[PDB]
Each structure stands twice: as structure tokens, then as C-alpha cells.
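Undergrad: Sharing a structure below in C-alpha cells format, with a few things to ask.
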Amino acid sequence: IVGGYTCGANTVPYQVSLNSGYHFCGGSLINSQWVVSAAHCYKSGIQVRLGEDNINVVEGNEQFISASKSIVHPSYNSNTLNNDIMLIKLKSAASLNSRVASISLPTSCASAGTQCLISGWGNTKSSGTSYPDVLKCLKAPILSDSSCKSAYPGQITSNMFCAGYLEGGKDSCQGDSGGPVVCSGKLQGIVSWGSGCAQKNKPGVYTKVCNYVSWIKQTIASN
Ligand SMILES: [Ca+2]
């Protein structure tokens with residue numbers, strides 16, 4: 001997250017870190033057994049880390065739970081990032097508590113102009129590299145479909161939305177991929193892609209989770 005703030009320990013209790021020997025992507029806990037992330041974050045060998053603040057220090061509220069199964073969307077296209085969504089099942093249910101909590105899935109799609117909370121342990125620099133240890137947060141508005149398409153001509157599908165600031169300076173970034181975009185208390189987006197981070201006229205692009213609620217529900221009913 002570039003241009004964000006330190007969230008505060010465990011104030012985003014649905015945020016997970018996906019670990020394969022190192023943090024590599026975020027995700028969101030949607031119930032005691034299941035995480036939603038980006039399909040482009042697929043790796044074999046995922047451990048889900050819940051209750052994290054500093055990902056490099058064991059502080060006492062963590063739950064580390066291996067994935068048993070990962071399910072990339074059936075129509076994920078890794079070239080365009082259309083349908084950039086994945087489900088990860090935990091080998092055992094998380095113990096839900098004040099610091100490890102699920103986020104609701106949406107009923108309706110979010111509205112342009114809504115300010116959402118985006119969070120992660122990704123790079124904090126637009127030019128260069130610096131990865132934080134503690135979780136960072138950003139409030140960013142959903143942009144109109146016409147603005148998003150103007151920013152990325154011939155690249156935005158109905159399963160994507162843009163959020164952020166066209167003047168640059170505030171965005172998600174590498175290592176935030178897969179993490180949450182929460183709008184009116186529901187998971188509306190997944191950190192998916194963008195050209196660079198926090199560059200002028202190149203806002204973040206996010207998987208539009210409201211398009212996937214029936215897939216998510218039937219998949220969790222069946223696995
Ligand atoms: Ca930790």
C-alpha cells in the first residue's frame with residue numbers, strides 16, 4: 001500500500017497473509033474454513049496466517065493454518081486477469097475471536113464514489129521498493145466505469161472496477177494482491193492489478209466480488 005497508514009494491530013481482523021515460506025499475497029477470511037484471494041496469487045504449498053499484524057514477529061494472536069485445497073475460478077484468464085478470484089480452504093477451522101473474524105460477502109454491488117478500505121503488506125513505494133512488516137491501510141473511492149475504462153482502454157471487463165486517485169500517490173501495490181477491498185462493511189473487491197503503483201492516471205484495478213457470490217456459495221457448499 002502506497003500512501004496509506006498503519007492500520008493498528010488486528011483492526012482488520014479478516015485480513016490474512018498467504019505464506020509459502022514468506023508472505024506473498026493477501027486474502028480475506030469469509031468464514032471459519034475459507035479465504036478469498038486472487039487467482040494470480042495461486043501457489044502450491046500455502047499456509048494461511050490469520051491474526052497477523054507484524055508478519056515478521058510472532059506477537060501472540062496469530063493462527064497459522066495450512067491450506068487443504070485451493071480453487072481458482074473456472075474462467076480465470078491469467079493473461080487479462082478476468083475472473084481473478086480464488087478460494088482457499090483451511091485444513092482446520094479458524095477460531096473466530098476479536099482479532100480473527102470473517103468479512104461478509106456482498107448482496108449488491110458497490111456504488112461509484114464509495115470509499116473502501118484496502119489493506120495489505122505490499123510495497124509502500126511508487127518508485128522503488130520497501131515492504132512493511134506491519135499491516136497498512138488505505139481508504140480509496142470506487143471510480144466510475146467510464147473513468148476506469150479510459151484509464152485502461154480495451155482492458156477492463158465487467159468483472160473489474162477501479163479504485164483510487166487519478167492524481168497518483170495512493171494505491172495498493174505488489175504484495176497486496178489478493179487482499180480485501182471492503183466497502184460498507186462487505187468484501188467488494190480483491191487487489192488484482194494496475195500499471196505500476198500510485199502513478200498518475202493508472203488507478204488500481206480490483207476483482208468485482210459481487211459478480212462471484214453464487215460461485216463462492218455453491219463452491220463452499222460442495223467442498
Ligand atoms: Ca506476527
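Chain labels follow the order of the C-alpha cells: the first chain is A, the next B, and so on; residue numbering restarts at 1 in every chain, and ligands are counted from 1 in their shown order.
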Please identify every residue of chain A that has at least one atom no farther than 12 Å from an atom of ligand 1, counting only C-alpha atoms and all ligand atoms, and for each give the shortest atom pair and the distance in Å to one decimal, arranged by chain then increasing number, as a tab-separated table.

TA:
```
residue	atom	partner	partner_atom_place_in_ligand_line	distance
A:9	CA	ligand 1	1 (Ca)	9.8
A:10	CA	ligand 1	1 (Ca)	10.3
A:16	CA	ligand 1	1 (Ca)	10.9
A:17	CA	ligand 1	1 (Ca)	9.8
A:19	CA	ligand 1	1 (Ca)	11.8
A:23	CA	ligand 1	1 (Ca)	11.0
A:49	CA	ligand 1	1 (Ca)	8.4
A:50	CA	ligand 1	1 (Ca)	8.8
A:51	CA	ligand 1	1 (Ca)	7.5
A:52	CA	ligand 1	1 (Ca)	4.7
A:53	CA	ligand 1	1 (Ca)	5.3
A:54	CA	ligand 1	1 (Ca)	4.4
A:55	CA	ligand 1	1 (Ca)	4.2
A:56	CA	ligand 1	1 (Ca)	5.7
A:57	CA	ligand 1	1 (Ca)	4.5
A:58	CA	ligand 1	1 (Ca)	4.0
A:59	CA	ligand 1	1 (Ca)	5.1
A:60	CA	ligand 1	1 (Ca)	7.4
A:61	CA	ligand 1	1 (Ca)	7.6
A:62	CA	ligand 1	1 (Ca)	6.2
A:63	CA	ligand 1	1 (Ca)	9.3
A:64	CA	ligand 1	1 (Ca)	9.9
A:121	CA	ligand 1	1 (Ca)	11.7
A:133	CA	ligand 1	1 (Ca)	8.7
A:134	CA	ligand 1	1 (Ca)	8.4
A:135	CA	ligand 1	1 (Ca)	10.0
```

Undergrad: Just N, CA, C and O atoms for this one: save the residues we selected as an mmCIF file, in the first residue's frame.

TA:
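The new file result02.cif reads:
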```
data_model
loop_
_atom_site.group_PDB
_atom_site.id
_atom_site.type_symbol
_atom_site.label_atom_id
_atom_site.label_comp_id
_atom_site.auth_asym_id
_atom_site.auth_seq_id
_atom_site.Cartn_x
_atom_site.Cartn_y
_atom_site.Cartn_z
ATOM 1 N N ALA A 9 -2.921 -2.818 15.115
ATOM 2 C CA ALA A 9 -2.932 -4.239 15.198
ATOM 3 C C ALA A 9 -4.304 -4.795 15.295
ATOM 4 O O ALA A 9 -5.130 -4.468 16.205
ATOM 5 N N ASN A 10 -4.627 -5.780 14.404
ATOM 6 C CA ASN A 10 -5.829 -6.584 14.415
ATOM 7 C C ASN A 10 -7.078 -5.721 14.272
ATOM 8 O O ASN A 10 -8.194 -6.265 14.537
ATOM 9 N N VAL A 16 -5.891 -11.730 5.895
ATOM 10 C CA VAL A 16 -4.909 -12.839 6.062
ATOM 11 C C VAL A 16 -3.681 -12.551 5.242
ATOM 12 O O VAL A 16 -3.694 -11.788 4.234
ATOM 13 N N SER A 17 -2.570 -13.164 5.676
ATOM 14 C CA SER A 17 -1.357 -13.252 4.846
ATOM 15 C C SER A 17 -1.223 -14.667 4.367
ATOM 16 O O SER A 17 -1.406 -15.612 5.120
ATOM 17 N N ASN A 19 1.304 -17.414 2.983
ATOM 18 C CA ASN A 19 2.751 -17.623 3.222
ATOM 19 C C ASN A 19 3.175 -18.887 2.537
ATOM 20 O O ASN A 19 2.560 -19.969 2.718
ATOM 21 N N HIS A 23 5.683 -14.149 3.133
ATOM 22 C CA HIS A 23 4.444 -13.519 2.730
ATOM 23 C C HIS A 23 4.488 -13.283 1.229
ATOM 24 O O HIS A 23 5.453 -12.699 0.711
ATOM 25 N N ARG A 49 -2.121 -17.285 7.296
ATOM 26 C CA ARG A 49 -1.741 -16.708 8.580
ATOM 27 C C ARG A 49 -2.796 -15.675 8.930
ATOM 28 O O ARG A 49 -2.921 -14.630 8.233
ATOM 29 N N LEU A 50 -3.542 -15.937 10.001
ATOM 30 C CA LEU A 50 -4.613 -15.067 10.469
ATOM 31 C C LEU A 50 -4.146 -14.377 11.770
ATOM 32 O O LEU A 50 -3.259 -14.870 12.467
ATOM 33 N N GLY A 51 -4.843 -13.310 12.107
ATOM 34 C CA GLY A 51 -4.431 -12.609 13.338
ATOM 35 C C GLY A 51 -3.133 -11.900 13.277
ATOM 36 O O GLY A 51 -2.574 -11.516 14.288
ATOM 37 N N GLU A 52 -2.613 -11.634 12.050
ATOM 38 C CA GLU A 52 -1.294 -11.002 11.905
ATOM 39 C C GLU A 52 -1.395 -9.472 11.990
ATOM 40 O O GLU A 52 -2.272 -8.866 11.445
ATOM 41 N N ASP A 53 -0.349 -8.937 12.638
ATOM 42 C CA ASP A 53 -0.001 -7.530 12.446
ATOM 43 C C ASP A 53 1.361 -7.443 11.845
ATOM 44 O O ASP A 53 1.532 -7.310 10.627
ATOM 45 N N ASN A 54 2.453 -7.604 12.681
ATOM 46 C CA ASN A 54 3.788 -7.696 12.105
ATOM 47 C C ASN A 54 4.002 -9.085 11.568
ATOM 48 O O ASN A 54 3.969 -10.061 12.348
ATOM 49 N N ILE A 55 4.190 -9.221 10.265
ATOM 50 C CA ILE A 55 4.339 -10.568 9.691
ATOM 51 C C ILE A 55 5.682 -11.174 9.966
ATOM 52 O O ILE A 55 5.878 -12.373 9.642
ATOM 53 N N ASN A 56 6.632 -10.450 10.532
ATOM 54 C CA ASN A 56 7.955 -10.961 10.861
ATOM 55 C C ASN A 56 8.172 -11.188 12.335
ATOM 56 O O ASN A 56 9.294 -11.555 12.691
ATOM 57 N N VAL A 57 7.145 -10.969 13.174
ATOM 58 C CA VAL A 57 7.299 -11.214 14.616
ATOM 59 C C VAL A 57 6.070 -11.974 15.037
ATOM 60 O O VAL A 57 4.946 -11.548 14.713
ATOM 61 N N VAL A 58 6.255 -13.060 15.773
ATOM 62 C CA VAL A 58 5.122 -13.741 16.392
ATOM 63 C C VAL A 58 4.737 -12.997 17.625
ATOM 64 O O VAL A 58 5.474 -12.910 18.604
ATOM 65 N N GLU A 59 3.587 -12.318 17.589
ATOM 66 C CA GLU A 59 3.141 -11.366 18.640
ATOM 67 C C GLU A 59 2.118 -11.955 19.580
ATOM 68 O O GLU A 59 1.910 -11.408 20.675
ATOM 69 N N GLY A 60 1.492 -13.079 19.203
ATOM 70 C CA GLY A 60 0.643 -13.808 20.184
ATOM 71 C C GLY A 60 -0.773 -13.987 19.761
ATOM 72 O O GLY A 60 -1.473 -14.694 20.494
ATOM 73 N N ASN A 61 -1.264 -13.329 18.684
ATOM 74 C CA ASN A 61 -2.642 -13.519 18.289
ATOM 75 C C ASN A 61 -2.806 -14.253 17.001
ATOM 76 O O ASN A 61 -3.939 -14.358 16.460
ATOM 77 N N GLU A 62 -1.744 -14.776 16.455
ATOM 78 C CA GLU A 62 -1.758 -15.438 15.157
ATOM 79 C C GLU A 62 -2.422 -16.824 15.251
ATOM 80 O O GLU A 62 -2.403 -17.510 16.250
ATOM 81 N N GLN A 63 -3.015 -17.218 14.087
ATOM 82 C CA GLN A 63 -3.343 -18.634 13.853
ATOM 83 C C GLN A 63 -2.716 -18.976 12.516
ATOM 84 O O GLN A 63 -2.950 -18.276 11.514
ATOM 85 N N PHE A 64 -1.881 -20.005 12.456
ATOM 86 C CA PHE A 64 -1.247 -20.454 11.220
ATOM 87 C C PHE A 64 -1.885 -21.765 10.837
ATOM 88 O O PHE A 64 -1.847 -22.704 11.597
ATOM 89 N N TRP A 121 0.257 -5.969 3.132
ATOM 90 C CA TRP A 121 1.688 -5.877 3.467
ATOM 91 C C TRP A 121 2.533 -5.676 2.235
ATOM 92 O O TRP A 121 3.742 -5.964 2.231
ATOM 93 N N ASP A 133 6.523 -4.360 7.569
ATOM 94 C CA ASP A 133 6.277 -5.541 8.413
ATOM 95 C C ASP A 133 4.873 -5.500 8.978
ATOM 96 O O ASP A 133 4.288 -6.573 9.188
ATOM 97 N N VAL A 134 4.337 -4.322 9.324
ATOM 98 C CA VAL A 134 3.013 -4.190 9.914
ATOM 99 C C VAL A 134 1.975 -3.900 8.789
ATOM 100 O O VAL A 134 2.309 -3.404 7.716
ATOM 101 N N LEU A 135 0.701 -4.201 9.118
ATOM 102 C CA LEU A 135 -0.327 -4.085 8.069
ATOM 103 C C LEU A 135 -0.604 -2.610 7.781
ATOM 104 O O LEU A 135 -0.787 -1.799 8.713
#
```

Undergrad: Go through chain A and collect every residue that DSSP, computed from the backbone, puts in helix (DSSP H, G or I); the answer should be as number ranges by chain.

TA: A: 39-41, 145-151, 209-220

Undergrad: Output N, CA and C atoms of each residue in that selection to a file, as a short mmCIF file (atom, residue, chain, number, x, y, z; two decimals), in the first residue's frame.

TA:
```cif
data_model
loop_
_atom_site.label_atom_id
_atom_site.label_comp_id
_atom_site.auth_asym_id
_atom_site.auth_seq_id
_atom_site.Cartn_x
_atom_site.Cartn_y
_atom_site.Cartn_z
N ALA A 39 -6.85 -15.24 -7.94
CA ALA A 39 -6.28 -16.42 -8.66
C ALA A 39 -4.84 -16.20 -9.05
N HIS A 40 -4.42 -14.96 -9.35
CA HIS A 40 -3.00 -14.79 -9.73
C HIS A 40 -2.07 -15.01 -8.54
N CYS A 41 -2.59 -15.13 -7.32
CA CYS A 41 -1.80 -15.49 -6.13
C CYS A 41 -1.72 -17.00 -5.98
N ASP A 145 -17.13 3.48 -13.99
CA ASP A 145 -16.79 2.54 -15.05
C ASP A 145 -16.18 3.32 -16.24
N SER A 146 -16.65 4.53 -16.53
CA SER A 146 -16.14 5.21 -17.72
C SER A 146 -14.72 5.67 -17.40
N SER A 147 -14.45 6.17 -16.20
CA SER A 147 -13.12 6.59 -15.85
C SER A 147 -12.17 5.42 -15.88
N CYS A 148 -12.58 4.28 -15.38
CA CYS A 148 -11.70 3.08 -15.31
C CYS A 148 -11.37 2.63 -16.73
N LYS A 149 -12.39 2.60 -17.59
CA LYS A 149 -12.12 2.21 -18.98
C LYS A 149 -11.23 3.20 -19.72
N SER A 150 -11.34 4.49 -19.42
CA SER A 150 -10.48 5.50 -20.03
C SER A 150 -9.05 5.28 -19.57
N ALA A 151 -8.86 4.86 -18.33
CA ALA A 151 -7.51 4.69 -17.81
C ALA A 151 -6.84 3.48 -18.47
N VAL A 209 -16.12 -8.57 -6.61
CA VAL A 209 -16.56 -9.75 -5.86
C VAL A 209 -18.08 -9.98 -5.95
N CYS A 210 -18.88 -8.93 -6.13
CA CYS A 210 -20.33 -9.15 -6.17
C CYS A 210 -20.73 -10.01 -7.33
N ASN A 211 -19.90 -10.14 -8.38
CA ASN A 211 -20.21 -10.99 -9.53
C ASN A 211 -19.98 -12.48 -9.22
N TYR A 212 -19.38 -12.79 -8.09
CA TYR A 212 -18.89 -14.16 -7.80
C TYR A 212 -19.59 -14.77 -6.62
N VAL A 213 -20.59 -14.10 -6.01
CA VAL A 213 -21.18 -14.63 -4.81
C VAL A 213 -21.87 -16.00 -5.06
N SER A 214 -22.52 -16.22 -6.18
CA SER A 214 -23.16 -17.50 -6.40
C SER A 214 -22.12 -18.57 -6.57
N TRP A 215 -21.04 -18.32 -7.29
CA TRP A 215 -19.93 -19.31 -7.40
C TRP A 215 -19.38 -19.59 -6.06
N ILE A 216 -19.12 -18.56 -5.26
CA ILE A 216 -18.50 -18.79 -3.93
C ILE A 216 -19.45 -19.68 -3.09
N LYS A 217 -20.74 -19.33 -3.05
CA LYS A 217 -21.65 -20.06 -2.24
C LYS A 217 -21.78 -21.50 -2.70
N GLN A 218 -21.87 -21.76 -4.00
CA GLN A 218 -22.01 -23.16 -4.42
C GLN A 218 -20.73 -23.94 -4.25
N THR A 219 -19.56 -23.24 -4.37
CA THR A 219 -18.36 -23.96 -4.17
C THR A 219 -18.15 -24.33 -2.71
N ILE A 220 -18.43 -23.39 -1.78
CA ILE A 220 -18.28 -23.75 -0.38
C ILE A 220 -19.34 -24.74 0.10
#
```

Undergrad: Quick one, how far is CA of residue 130 (chain A) from CA of residue 156 (chain A)?

TA: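 The value is 28.7 Å.
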
Undergrad: Env of residue 118 (chain A): 6 Å cut, atoms = only C-alpha atoms, seq-sep filter 4 positions within chain, self excluded. Answer as a ChimeraX atom specification.

TA: /A:137-138,180-181

Undergrad: I need the residues from that last selection saved to file as a CSV table (one decimal), in the first residue's frame (with N, CA, C and O atoms), if you can.

TA:
```
chain,number,residue,atom,x,y,z
A,137,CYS,N,-3.0,0.3,5.5
A,137,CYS,CA,-4.4,0.5,5.1
A,137,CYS,C,-4.5,1.8,4.2
A,137,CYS,O,-3.6,2.6,4.3
A,138,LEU,N,-5.5,1.8,3.4
A,138,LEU,CA,-5.8,2.9,2.6
A,138,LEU,C,-7.2,3.1,2.4
A,138,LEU,O,-7.9,2.0,2.1
A,180,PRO,N,-8.1,-7.6,0.6
A,180,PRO,CA,-9.5,-7.1,0.6
A,180,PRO,C,-9.6,-5.6,0.1
A,180,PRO,O,-8.8,-4.8,0.5
A,181,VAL,N,-10.8,-5.4,-0.5
A,181,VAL,CA,-11.4,-4.1,-0.7
A,181,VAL,C,-12.7,-4.1,0.0
A,181,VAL,O,-13.6,-4.8,-0.5
```

Undergrad: Please determine, counting only C-alpha atoms, which residue among A:97, A:6, A:37, A:199 has the shortest atom-to-atom distance to residue 72 (chain A).

TA: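 Distance minimum relative to residue 72 (chain A) lands on A:37.
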
Undergrad: With only C-alpha atoms as the atoms that count, which of A:202, A:155, A:125, A:168 lies nearest to residue 2 (chain A)?

TA: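 Counting only C-alpha atoms, the residue closest to residue 2 (chain A) is A:125.
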
Undergrad: Step one, run DSSP on the backbone; step two, keep only residues of region 20-199 of chain A assigned to strand (DSSP E or B); then write them as JSON, numbers by chain.

TA: {"A": [23, 24, 25, 26, 27, 28, 29, 30, 31, 34, 35, 36, 37, 47, 48, 49, 50, 63, 64, 65, 66, 67, 68, 69, 70, 71, 72, 77, 82, 86, 87, 88, 89, 90, 97, 100, 104, 115, 116, 117, 118, 119, 120, 136, 137, 138, 139, 140, 141, 142, 160, 161, 162, 163, 171, 180, 181, 182, 183, 186, 187, 188, 189, 190, 191, 192, 193, 199]}

Undergrad: So, with only C-alpha atoms as the atoms that count, which of A:140, A:162, A:12, A:205 lies closest to residue 98 (chain A)?

TA: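 Once distances to residue 98 (chain A) are computed over only C-alpha atoms, the minimum belongs to A:12.
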
Undergrad: Have a look at A:189, A:154, A:179, A:196 and name the one nearest to residue 29 (chain A); count only C-alpha atoms.

TA: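 Checking each candidate against residue 29 (chain A), we get A:179 as the closest.
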
Undergrad: Within 6 Å of residue 68 (chain A), counting only C-alpha atoms, which residues qualify if same-chain residues fewer than 6 places away don't, as number ranges by chain?

TA: A: 89-91

Undergrad: Identify, on the basis of only C-alpha atoms, every residue whose closest approach to residue 141 (chain A) does not exceed 7 Å; exclude the query and any residue fewer than 6 positions from it along the same chain; express the result as a ChimeraX atom specification.

TA: /A:113-116,163-164

Undergrad: Extract, using only C-alpha atoms, all DNA, RNA and protein residues at most 8 Å from residue 200 (chain A), discarding same-chain residues fewer than 2 positions from it, and format them as a PyMOL selection string.

TA: chain A and resi 165-169+198+202-203

Undergrad: Take CA of residue 144 (chain A) and CA of residue 178 (chain A) and report the distance between them in Å, one decimal.

TA: 21.9 Å

Undergrad: Do you know which residues are at most 8 Å from residue 88 (chain A) counting only C-alpha atoms, after dropping those on the same chain fewer than 6 positions away, and could you put them as an MDAnalysis selection string?

TA: chainID A and resid 34:37 67:71
